[PDB]
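Asker: My structure is stored as final21.pdb, with PDB, C-alpha atoms (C1' of nucleotides).
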MODEL        1
ATOM      1  CA  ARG H   1      -0.569  24.434 -24.337
ATOM      2  CA  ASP H   2      -2.561  27.553 -23.399
ATOM      3  CA  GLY H   3      -5.952  25.836 -23.350
ATOM      4  CA  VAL H   4      -7.314  22.394 -22.537
ATOM      5  CA  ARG H   5      -4.264  20.150 -22.480
ATOM      6  CA  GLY H   6      -4.120  17.344 -25.026
ATOM      7  CA  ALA H   7      -7.146  18.349 -27.105
ATOM      8  CA  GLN H   8      -7.454  19.334 -30.749
ATOM      9  CA  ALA H   9      -6.368  22.823 -31.782
ATOM     10  CA  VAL H  10     -10.025  23.919 -31.831
ATOM     11  CA  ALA H  11     -12.617  22.014 -29.815
ATOM     12  CA  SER H  12     -16.234  22.559 -28.851
ATOM     13  CA  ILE H  13     -18.773  21.426 -26.288
ATOM     14  CA  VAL H  14     -21.770  21.269 -28.642
ATOM     15  CA  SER H  15     -21.578  19.678 -32.088
ATOM     16  CA  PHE H  16     -23.801  17.370 -34.133
ATOM     17  CA  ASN H  17     -21.538  16.401 -37.033
ATOM     18  CA  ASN H  18     -22.866  12.829 -37.442
ATOM     19  CA  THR H  19     -26.350  11.627 -38.345
ATOM     20  CA  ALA H  20     -26.560   9.181 -35.439
ATOM     21  CA  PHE H  21     -26.623  12.158 -33.061
ATOM     22  CA  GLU H  22     -29.650  13.906 -34.597
ATOM     23  CA  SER H  23     -33.321  13.623 -33.672
ATOM     24  CA  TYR H  24     -36.786  14.823 -34.673
ATOM     25  CA  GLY H  25     -35.459  15.896 -38.066
ATOM     26  CA  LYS H  26     -33.299  18.717 -36.723
ATOM     27  CA  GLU H  27     -29.711  19.330 -37.783
ATOM     28  CA  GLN H  28     -26.476  21.106 -36.912
ATOM     29  CA  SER H  29     -26.483  23.347 -33.833
ATOM     30  CA  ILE H  30     -30.191  24.057 -34.347
ATOM     31  CA  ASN H  31     -30.592  20.712 -32.580
ATOM     32  CA  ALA H  32     -30.227  22.737 -29.345
ATOM     33  CA  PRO H  33     -31.363  26.395 -29.455
ATOM     34  CA  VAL H  34     -29.307  29.133 -27.789
ATOM     35  CA  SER H  35     -29.219  32.848 -28.512
ATOM     36  CA  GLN H  36     -26.127  33.963 -30.390
ATOM     37  CA  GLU H  37     -24.830  36.533 -27.905
ATOM     38  CA  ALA H  38     -25.385  34.035 -25.095
ATOM     39  CA  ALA H  39     -23.281  31.502 -26.981
ATOM     40  CA  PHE H  40     -20.543  34.102 -27.423
ATOM     41  CA  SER H  41     -20.565  35.100 -23.759
ATOM     42  CA  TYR H  42     -19.821  31.800 -22.047
ATOM     43  CA  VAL H  43     -17.315  30.815 -24.728
ATOM     44  CA  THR H  44     -15.348  34.002 -24.097
ATOM     45  CA  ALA H  45     -15.537  33.471 -20.338
ATOM     46  CA  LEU H  46     -14.265  29.907 -20.648
ATOM     47  CA  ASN H  47     -11.425  31.050 -22.896
ATOM     48  CA  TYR H  48     -10.485  33.746 -20.385
ATOM     49  CA  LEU H  49     -10.414  31.345 -17.439
ATOM     50  CA  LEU H  50      -8.165  29.012 -19.433
ATOM     51  CA  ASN H  51      -5.539  31.738 -19.770
ATOM     52  CA  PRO H  52      -2.437  30.652 -17.797
ATOM     53  CA  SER H  53      -1.615  34.276 -16.944
ATOM     54  CA  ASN H  54      -4.614  34.295 -14.587
ATOM     55  CA  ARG H  55      -3.979  31.963 -11.650
ATOM     56  CA  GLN H  56      -7.277  30.074 -11.772
ATOM     57  CA  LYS H  57      -6.250  26.927 -13.684
ATOM     58  CA  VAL H  58      -4.460  23.751 -12.612
ATOM     59  CA  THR H  59      -3.749  20.341 -14.124
ATOM     60  CA  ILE H  60      -4.450  17.170 -12.140
ATOM     61  CA  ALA H  61      -3.999  13.722 -13.656
ATOM     62  CA  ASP H  62      -5.671  13.954 -17.070
ATOM     63  CA  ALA H  63      -8.330  16.573 -16.320
ATOM     64  CA  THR H  64      -7.756  20.315 -16.261
ATOM     65  CA  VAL H  65      -9.500  22.033 -13.350
ATOM     66  CA  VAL H  66     -10.904  25.566 -13.304
ATOM     67  CA  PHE H  67     -12.420  27.392 -10.352
ATOM     68  CA  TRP H  68     -13.609  30.895  -9.615
ATOM     69  CA  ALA H  69     -14.889  33.124  -6.833
ATOM     70  CA  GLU H  70     -14.307  36.732  -5.816
ATOM     71  CA  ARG H  71     -10.926  35.535  -4.499
ATOM     72  CA  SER H  72      -8.737  32.599  -5.460
ATOM     73  CA  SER H  73      -5.451  32.662  -3.517
ATOM     74  CA  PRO H  74      -6.422  29.891  -1.040
ATOM     75  CA  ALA H  75      -7.936  27.562  -3.639
ATOM     76  CA  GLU H  76      -4.804  28.136  -5.718
ATOM     77  CA  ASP H  77      -2.897  26.315  -2.966
ATOM     78  CA  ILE H  78      -4.475  23.076  -4.220
ATOM     79  CA  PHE H  79      -1.416  23.175  -6.480
ATOM     80  CA  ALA H  80       0.417  21.769  -3.467
ATOM     81  CA  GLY H  81      -2.661  19.622  -2.858
ATOM     82  CA  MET H  82      -1.205  17.399  -5.569
ATOM     83  CA  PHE H  83       2.271  18.696  -6.511
ATOM     84  CA  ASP H  84       3.530  18.451  -2.906
ATOM     85  CA  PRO H  85       0.796  17.045  -0.663
ATOM     86  CA  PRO H  86       0.691  18.432   2.907
ATOM     87  CA  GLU H  87     -21.234  39.401  -2.892
ATOM     88  CA  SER H  88     -20.338  36.673  -5.377
ATOM     89  CA  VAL H  89     -20.605  32.924  -5.795
ATOM     90  CA  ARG H  90     -17.952  31.023  -3.848
ATOM     91  CA  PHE H  91     -15.837  28.358  -5.508
ATOM     92  CA  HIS H  92     -17.552  26.830  -8.458
ATOM     93  CA  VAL H  93     -15.299  23.930  -9.448
ATOM     94  CA  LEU H  94     -15.361  22.353 -12.907
ATOM     95  CA  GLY H  95     -13.213  19.484 -14.156
ATOM     96  CA  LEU H  96     -13.333  18.301 -17.753
ATOM     97  CA  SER H  97     -11.352  15.866 -19.882
ATOM     98  CA  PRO H  98     -10.625  15.980 -23.623
ATOM     99  CA  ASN H  99     -11.821  13.656 -26.337
ATOM    100  CA  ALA H 100     -10.222  13.594 -29.779
ATOM    101  CA  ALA H 101     -11.761  16.921 -30.823
ATOM    102  CA  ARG H 102     -14.577  17.444 -28.299
ATOM    103  CA  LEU H 103     -14.736  17.893 -24.541
ATOM    104  CA  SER H 104     -16.521  15.992 -21.776
ATOM    105  CA  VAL H 105     -17.360  16.943 -18.197
ATOM    106  CA  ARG H 106     -15.703  14.791 -15.543
ATOM    107  CA  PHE H 107     -17.215  16.190 -12.339
ATOM    108  CA  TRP H 108     -18.886  19.315 -11.027
ATOM    109  CA  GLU H 109     -18.999  20.724  -7.493
ATOM    110  CA  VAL H 110     -20.096  23.956  -5.829
ATOM    111  CA  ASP H 111     -19.101  23.146  -2.255
ATOM    112  CA  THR H 112     -17.305  25.571   0.043
ATOM    113  CA  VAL H 113     -14.011  25.216   1.939
ATOM    114  CA  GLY H 114     -12.482  23.245  -0.922
ATOM    115  CA  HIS H 115     -11.928  20.272   1.372
ATOM    116  CA  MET H 116     -10.858  16.976  -0.176
ATOM    117  CA  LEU H 117     -10.381  15.306   3.211
ATOM    118  CA  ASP H 118     -12.793  12.549   2.159
ATOM    119  CA  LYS H 119      -9.890  10.730   0.488
ATOM    120  CA  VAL H 120      -6.818  12.650   1.648
ATOM    121  CA  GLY H 121      -8.042  12.703   5.240
ATOM    122  CA  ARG H 122      -8.648   8.964   5.135
ATOM    123  CA  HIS H 123      -5.361   8.501   3.300
ATOM    124  CA  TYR H 124      -3.442  10.329   6.013
ATOM    125  CA  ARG H 125      -5.267   8.803   8.975
ATOM    126  CA  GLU H 126      -4.418   5.356   7.609
ATOM    127  CA  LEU H 127      -0.726   6.296   7.758
ATOM    128  CA  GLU H 128      -0.636   7.380  11.413
ATOM    129  CA  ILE H 129       2.243   6.020  13.509
ATOM    130  CA  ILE H 130       4.110   7.374  16.521
ATOM    131  CA  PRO H 131       7.574   8.675  15.542
ATOM    132  CA  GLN H 132      10.981   7.565  16.782
ATOM    133  CA  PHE H 133      12.783  10.893  17.151
ATOM    134  CA  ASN H 134      11.168  14.026  18.528
ATOM    135  CA  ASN H 135      12.251  16.145  15.536
ATOM    136  CA  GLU H 136      10.471  14.161  12.809
ATOM    137  CA  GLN H 137       7.773  15.606  10.549
ATOM    138  CA  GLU H 138       4.205  14.331  10.688
ATOM    139  CA  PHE H 139       3.219  14.662   7.006
ATOM    140  CA  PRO H 140       5.735  13.099   4.606
ATOM    141  CA  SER H 141       5.525  13.848   0.904
ATOM    142  CA  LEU H 142       4.919  11.092  -1.626
ATOM    143  CA  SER H 143       8.360  11.800  -3.072
ATOM    144  CA  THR H 144      10.029  10.994   0.242
ATOM    145  CA  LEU H 145       7.997   7.814   0.716
ATOM    146  CA  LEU H 146       8.758   6.522  -2.775
ATOM    147  CA  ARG H 147      12.462   7.270  -2.430
TER     148      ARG H 147
ATOM    149  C1'   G Z   1     -51.626   1.356 -29.969
ATOM    150  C1'   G Z   2     -47.855   8.113 -32.394
ATOM    151  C1'   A Z   3     -43.682  10.185 -30.665
ATOM    152  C1'   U Z   4     -39.688   8.296 -22.463
ATOM    153  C1'   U Z   5     -33.743  14.350 -27.167
ATOM    154  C1'   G Z   6     -36.493   8.091 -27.867
ATOM    155  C1'   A Z   7     -36.144   3.909 -31.053
ATOM    156  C1'   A Z   8     -30.007   0.432 -33.180
ATOM    157  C1'   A Z   9     -24.650   0.633 -30.792
ATOM    158  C1'   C Z  10     -18.145  -5.278 -28.365
ATOM    159  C1'   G Z  11     -12.512  -2.306 -26.006
ATOM    160  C1'   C Z  12     -11.196  -5.296 -29.489
ATOM    161  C1'   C Z  13      -7.439  -7.973 -32.069
ATOM    162  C1'   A Z  14      -1.326 -10.451 -29.316
ATOM    163  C1'   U Z  15       3.704 -10.417 -26.971
ATOM    164  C1'   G Z  16       9.841 -15.220 -22.583
ATOM    165  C1'   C Z  17      12.206 -11.762 -16.477
ATOM    166  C1'   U Z  18      15.733 -13.207 -19.273
ATOM    167  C1'   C Z  19      21.061 -14.556 -19.384
ATOM    168  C1'   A Z  20      25.248 -16.242 -13.881
ATOM    169  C1'   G Z  21      27.934 -15.679  -9.222
ATOM    170  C1'   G Z  22      32.555 -19.928  -2.985
ATOM    171  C1'   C Z  23      30.043 -18.113   3.944
ATOM    172  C1'   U Z  24      34.517 -17.889   3.683
ATOM    173  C1'   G Z  25      39.115 -18.032   5.967
ATOM    174  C1'   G Z  26      40.625 -20.130  12.512
ATOM    175  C1'   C Z  27      40.646 -20.254  17.942
ATOM    176  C1'   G Z  28      43.281 -25.568  24.877
ATOM    177  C1'   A Z  29      37.207 -26.430  29.818
ATOM    178  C1'   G Z  30      41.398 -25.016  31.904
ATOM    179  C1'   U Z  31      43.575 -24.434  36.494
ATOM    180  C1'   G Z  32      42.860 -28.177  42.264
ATOM    181  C1'   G Z  33      40.489 -30.428  46.856
ATOM    182  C1'   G Z  34      41.156 -37.144  53.115
ATOM    183  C1'   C Z  35      34.098 -40.291  53.777
ATOM    184  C1'   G Z  36      35.879 -39.263  57.918
ATOM    185  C1'   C Z  37      35.731 -39.505  63.337
ATOM    186  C1'   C Z  38      33.938 -45.026  67.036
ATOM    187  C1'   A Z  39      30.703 -48.938  69.057
ATOM    188  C1'   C Z  40      30.264 -57.183  73.070
ATOM    189  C1'   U Z  41      25.828 -61.639  69.793
ATOM    190  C1'   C Z  42      25.124 -61.456  74.658
ATOM    191  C1'   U Z  43      22.526 -63.316  78.741
ATOM    192  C1'   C Z  44      20.695 -70.414  80.323
ATOM    193  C1'   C Z  45      18.291 -74.223  79.185
ATOM    194  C1'   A Z  46      19.288 -84.338  81.170
ATOM    195  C1'   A Z  47      20.459 -88.448  76.097
TER     196        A Z  47
ENDMDL
END
Rewrite the structure of this file - the entire thing - as structure tokens.

Answerer:
Amino acid sequence: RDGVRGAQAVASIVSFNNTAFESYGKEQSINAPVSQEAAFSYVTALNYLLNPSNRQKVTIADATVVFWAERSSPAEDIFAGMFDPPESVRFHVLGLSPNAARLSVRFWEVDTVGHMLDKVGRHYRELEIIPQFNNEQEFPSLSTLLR
RNA sequence: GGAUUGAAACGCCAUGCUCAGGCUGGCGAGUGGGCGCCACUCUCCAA
């Protein structure tokens, strides 16, 4: 509920529980070396970002999406980007999906603006038609169309 | 003729859009109007 949705109670990104996944005679996490404090750091950061109290998380389809910058109010409006369609690093975007007890990365972007017009823009421009009344609204919501 | 974090790795097994329902009841192409007014087969040729 308060973490990655649909995954096991405790999940991990790195794990080598089965022999088929080992190589060169290594074993366990030693199969990929990382300093202990470094491992702690990013895990804590990821846990923090997952906290619902901080408005930097959103669920789309099956994948949970997390983003961060020095400010987040505009990107947070992507909530309507699907719910009701219309110095610091800027807008890292990460989307991951859950396996049974381990996580996988779906996509990864670092672009600015946050534009998704590639599909939405095409989607809307395909729907263009002159209206009948003068008081109609240009951008109908999917709910209205389906109804 | 050692070693491309490599060498091997099926999305797979299978399931009815079914059972049934009147385009009906009914309505005037109907009322009425002149093909009329008038005009030379007529001049001459043995059997």

Asker: Set the cut-off to 12 Å and count only C-alpha atoms (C1' of nucleotides): what are the residues of chain H that reach chain Z? Output as a ChimeraX atom specification.

Answerer: /H:20-26,31-32

Asker: Report the distance between CA of residue 102 (chain H) and CA of residue 55 (chain H) in Å, rounded to one decimal place.

Answerer: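 Distance between the two atoms: 24.5 Å.
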
Asker: On this file, the PyMOL selection byres ((chain H and resi 57) around 12) gives some set of residues; write that set as a PyMOL selection string.

Answerer: chain H and resi 2-5+46-56+58-60+63-68+72-73+75-79+93-96

Asker: Could you list, as a PyMOL selection string, every residue within 12 Å of residue 39 (chain H), counting all atoms listed in the file and ignoring same-chain residues fewer than 6 positions away?

Answerer: chain H and resi 12-14+29+32-33+45-46

Asker: Interatomic distance between CA of residue 42 (chain H) and CA of residue 30 (chain H)?

Answerer: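 Rounded to one decimal, the two atoms are 17.9 Å apart.
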
Asker: As an exercise, work out the distance from CA of residue 83 (chain H) to CA of residue 103 (chain H) in Å and give it to one decimal place.

Answerer: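 Between CA of residue 83 (chain H) and CA of residue 103 (chain H) the gap is 24.8 Å.
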
Asker: I'd like to see the residues matched by the PyMOL selection byres ((chain H and resi 101) around 8) on this file, and ideally I'd get them as a list in words.

Answerer: residues 7, 8, 10, 11, 12, 98, 99, 100, 102 and 103 of chain H
